[PDB]
């Protein structure tokens, strides 16, 4: 048997405590393995209250009345960024989104493209040192063995701030892979089947309601 090293306890829309009550997809995780987890890929799917699948702008940014995108607080002239007048897409609309822990860092496919580029010798050596430092920072920020934590991602699409209503009723998730601090990579052999069974498909309310029970 294959024991999943990163346990998803739940994935749920939650709203913050401020008067603007911004929505986030909050994924409750537990590192059940004996190794620190330095990176992960976790795929989510979204459903309305009737079990129909939803296409989202999953990583859309908020827009403010003065056109500011992705800010929070107040503008210097006094415009309230807390009031979300619209959304600004980032990734294309899709039934699924894959969240990555080292999202702040460029993916390894992209770093590998940069290595293979023709350049000066000192430029390649600059990138090598940068790669390692990036890896060391991620190791210091790893999820420790046994740690429970929430990883939260703003989810503005289908939210109406004035009423607090969100078209998304259920989020179901699956770990695609994880990377441990020693560099080893665990891949979920059940992932492709899960994606094929669920992505863009209707799901019963009993399955959705009990998905994390």
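Numbering follows the first chain given and starts at 1.
When the C-alpha B-factors of 20-28 and 186-194 are averaged, 186-194 comes out higher.
Between 60-68 and 153-161, it is 60-68 that carries the larger average Cα temperature factor according to the deposited entry. Out of 205, 199, 9, 14, it is 205 whose C-alpha atom has the highest B-factor in the PDB entry. Listed residues 74, 99, 130, 95 were ranked by CA B-factor as deposited; 130 comes out on top.
Ranked by Cα temperature factor within the chain, residue 91 sits in the lowest third according to the deposited record.
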